[PDB]
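What follows is a set of notes on a single structure, which appears directly below.
All values below were derived from every heavy atom in this structure, side-chain atoms included, with hydrogens, water molecules and symmetry-related copies excluded. Residue numbering restarts at 1 for every chain, and letters A, B, ... go by the order of the sequence lines. For ligands, and for the atoms within them, numbers begin at 1 and follow the listed sequence.
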Amino acid sequence: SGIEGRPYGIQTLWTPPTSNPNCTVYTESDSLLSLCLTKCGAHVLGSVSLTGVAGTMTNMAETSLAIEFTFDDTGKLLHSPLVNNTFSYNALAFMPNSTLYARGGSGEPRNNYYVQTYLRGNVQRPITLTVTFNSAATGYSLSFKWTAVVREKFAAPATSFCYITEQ
Amino acid sequence: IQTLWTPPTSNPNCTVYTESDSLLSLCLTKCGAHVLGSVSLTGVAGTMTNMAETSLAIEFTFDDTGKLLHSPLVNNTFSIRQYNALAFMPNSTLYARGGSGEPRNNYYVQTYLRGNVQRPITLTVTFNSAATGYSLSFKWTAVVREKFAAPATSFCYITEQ
Amino acid sequence: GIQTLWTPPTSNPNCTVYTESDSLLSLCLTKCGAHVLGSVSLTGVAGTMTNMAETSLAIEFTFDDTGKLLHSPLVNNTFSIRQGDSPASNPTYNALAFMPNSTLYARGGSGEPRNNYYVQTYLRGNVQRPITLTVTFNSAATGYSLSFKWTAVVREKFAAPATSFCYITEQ
Ligand SMILES: CO[C@]1(C(=O)O)C[C@H](O)[C@@H](NC(C)=O)[C@H]([C@H](O)[C@H](O)CO)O1
Ligand SMILES: CO[C@]1(C(=O)O)C[C@H](O)[C@@H](NC(C)=O)[C@H]([C@H](O)[C@H](O)CO)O1
Ligand SMILES: N[C@@H](CCC(=O)O)C(=O)O
């Protein structure tokens, strides 16, 4: 399964650790994504990183890259960039709170969490990760947008973020 | 009890300059000896939408039992989500009282004013600046004659108990 | 009940970077599901830590393949479970539940971007002196490790403010 849930009853939702690409940004299996969401009271503590492995991911054409995990209003996964687009518990306990992070609110500052990091861990390549909560007009979502450098390989190091949950 | 928060809301709940001029989110969740905290602050009325100063500070102060004494919230809404208060207070050995100036009492966050990439700002979260009891202080950079809004951010500190 | 590995909060130097007890380190790791939430800060107290000779400073905690601590910069290696989190004498715990995942953060992988977590902060909290903390997972070729490297300013005191980071665990 692409996203899997693990007990403390479910306390972790993650992409299982892998040594191989598990994600499709531009072409199939072109990248290795880690995404892990763990519940701590009203918070989800999230970690994310994304390593380019093949194709355009190793020779970027654009100055940013975005992916999104979208869920319906019950918290069921609808879509993700994962090669294994599947899921295998109260899902709303992991969804971003829709009162605080209003649906369709990507333009609202409080729906966005900004992280400074460095492309490929190179300090001469500062980039910014924007994590957005509930950009989707219905249901729930988590969006990740990183800046990038054209004609260079993409890799975003380990990062983390936190949001308040729906339940 | 794992969470202390101001409950999620979409209407103003906070008073920085005038009553109910802003929407504050502050949530503290306990994970062992840590509190994981999140905060954001959105201006909605008055000077918060047309700033007069280039920084904005708010503070939550608590007594030596962990009871809230003062905050900028319009109503007494900082509460247990629907208990030992000291398990949520910043550790007073590591973060000495009256320690606003001590580096280890301060936690820095980089963000962007109104999420605008031309407006990088710093948030300084300070533990136990108060001379007695406990405190959490937040100070953000701002730009005069512009609206203030600080995006979602987070921080982490070690607890007293 | 055991959720925390730490060096205890103290007001006295507890750490040796260049000379014995020259610094005050805080390091605390708390488990939340498949994550560790970590906090760290480092304050120079004496000697070269108050008058730096180099432009970066690094310390490392190494562990064996069971998660047992092998080396650290702490005087007497005072890094263990938080007292009072269990009523049992000599409480047991799964140390691998605190170790950085070795599939995601491969051993000897310090050159791999996903093994590194970058934090911006300010030297001595002076906002004119931005510095970068690099936390590296499993740099060591064997066992597990957490490495911390801060940039520094020569001929000045070193102190890094409160910071935090997060990684996925082995178990
Ligand atoms: C003397 O100038 C400074 C410094 O060292 O650069 C300015 C800096 O903003 C300040 N840090 C904070 C968090 O206030 C620091 C501490 O007060 C001092 O290091 C404590 O000993 O003093
Ligand atoms: C070629 O130089 C660089 C790069 O890519 O810019 C420098 C950068 O500091 C380094 N990152 C780290 C964490 O060391 C990176 C990786 O080692 C390499 O990309 C992995 O394949 O190599
Ligand atoms: N120096 C502080 C107290 C000790 C500290 O902050 O470390 C004060 O003058 O209140």
Side-chain angles (χ1 to χ4, degrees), chain A residues 31-32 49-54 57-60 117-127 148-149 152-159, chain B residues 55 57 90-109 122-135 137-138 141, chain C residues 9-13 23-24 26 41-46 49-52 56 58 105-106 108-118 121-139 147 149 151-153 156-163:
Chain A
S31 53
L32 195 162
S49 67
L50 178 63
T51 302
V53 166
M57 293 292 294
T58 67
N59 197 354
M60 288 285 277
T117 185
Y118 297 96
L119 191 67
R120 307 184 307 275
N122 190 322
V123 297
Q124 296 193 52
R125 297 289 184 271
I127 57 167
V149 175
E152 295 187 2
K153 168 178 187 288
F154 185 88
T159 54
Chain B
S55 58
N91 188 281
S92 67
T93 296
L94 183 61
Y95 315 123
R97 294 178 173 101
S100 71
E102 182 69 49
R104 70 182 175 276
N105 291 58
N106 288 269
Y107 185 111
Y108 296 90
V109 172
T122 297
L123 160 61
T124 302
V125 182
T126 304
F127 314 120
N128 296 343
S129 170
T132 60
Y134 302 90
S135 62
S137 304
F138 304 87
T141 322
Chain C
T10 178
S11 1
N12 294 301
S23 52
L24 197 163
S26 173
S41 66
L42 180 63
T43 304
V45 176
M49 293 290 292
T50 69
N51 198 345
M52 287 284 278
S56 64
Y105 317 118
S110 63
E112 192 61 42
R114 70 183 174 278
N115 287 56
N116 292 272
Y117 186 112
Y118 299 90
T121 187
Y122 297 93
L123 188 67
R124 309 189 307 274
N126 188 318
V127 303
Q128 319 310 123
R129 290 285 187 273
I131 59 172
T132 301
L133 161 62
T134 303
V135 186
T136 306
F137 314 122
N138 296 340
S139 182
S147 306
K149 178 195 166 178
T151 60
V153 173
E156 299 191 3
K157 164 176 188 167
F158 184 86
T163 54

Using only atom types and a distance under 3.5 Å, with no angle test, would you say the side chain of [X] pairs donor to acceptor with the backbone of [Y]?
| X | Y | result |
| --- | --- | --- |
| C:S139 | C:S110 | no |
| A:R120 | A:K153 | yes |
| C:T151 | C:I131 | no |

Under-4.0 Å protein heavy-atom contact, [atom]:
| atom | result |
| --- | --- |
| atom 17 (O) of ligand 2 | yes |
| atom 5 (O) of ligand 1 | yes |
| atom 21 (O) of ligand 1 | no |
| atom 2 (O) of ligand 2 | no |
| atom 9 (O) of ligand 2 | yes |

Part of C:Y118 within contact of ligand 2 (heavy atoms, under 4.0 Å):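 The part of C:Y118 near ligand 2 is the side chain, not the backbone.
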Under-4.0 Å heavy-atom contact with ligand 2, by part of C:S110 that carries it: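 The answer is the backbone.
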Atoms in ligand 1 flagged as close to C:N126, the criterion being non-hydrogen separation under 4.0 Å: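 So the atoms of ligand 1 that pass are 6 (O), 8 (C), 9 (O).
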Candidate with minimal heavy-atom separation from atom 13 (C) of ligand 1, of C:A162, B:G101, C:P161, C:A159: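 Considering heavy atoms of C:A162, B:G101, C:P161, C:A159, the nearest to atom 13 (C) of ligand 1 sits in B:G101.
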A:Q124, A:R120, A:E152: member with heavy atom nearest to atom 11 (N) of ligand 2: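 Of the listed residues, A:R120 has the closest heavy atom.
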Spacing of [X] atom [atom1] and [Y] atom [atom2] [to the nearest 0.5 Å]:
| X | Y | atom1 | atom2 | answer |
| --- | --- | --- | --- | --- |
| A:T51 | A:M57 | OG1 | CE | 8.0 Å |
| A:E152 | A:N122 | CD | CG | 8.0 Å |
| C:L24 | C:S11 | CG | OG | 7.5 Å |

Whether B:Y107 and B:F127 hold their rings parallel, tilted or perpendicular, with breakpoints at 30° and 60°: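 The arrangement is perpendicular - the two ring planes meet at more than 60°.
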For C:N116, the ligand 2 atoms whose distance to one of its heavy atoms is below 4.0 Å: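 Selected atoms, number and element: 13 (C).
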Polar atom proximity, C:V127 to ligand 1 (N or O, under 3.5 Å):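 No; every N/O pair is 3.5 Å or more apart.
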Stepwise side chain to side chain contact (heavy atoms under 4.5 Å, CB included) test for C:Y122 and B:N106: CA-CA 10 Å; C:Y122 297 93; B:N106 288 269; over 6 Å; no
Criterion side chain to side chain contact (heavy atoms under 4.5 Å, CB included) on B:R97 and B:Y134, from CA distance to verdict: CA-CA 7 Å; B:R97 294 178 173 101; B:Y134 302 90; 3.3 Å; yes
Taking every non-hydrogen atom, the tightest pair across A:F154 and A:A148: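 Distance-wise, the nearest heavy atoms are CD1-CB, 3.7 Å.
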Between C:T136 and C:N115: side-chain donor-acceptor atoms closer than 3.5 Å: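 Looking only at side-chain atoms, C:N115 and C:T136 do not form any donor-acceptor pair under 3.5 Å.
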Residue contacts for ligand 3, heavy atom to ligand atom, distance under 4.0 Å: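 The answer is B:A96, B:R97, B:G98, B:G99, B:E102, counting any residue whose heavy atom sits under 4.0 Å from ligand 3.
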Residues in side chain to side chain contact (heavy atoms under 4.5 Å, CB included) contact with A:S49, at least two apart in sequence or another chain: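 A:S34, C:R114.
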Heteroatom distance test (C:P113, ligand 2): nitrogen or oxygen, under 3.5 angstrom: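 Not met; the criterion fails.
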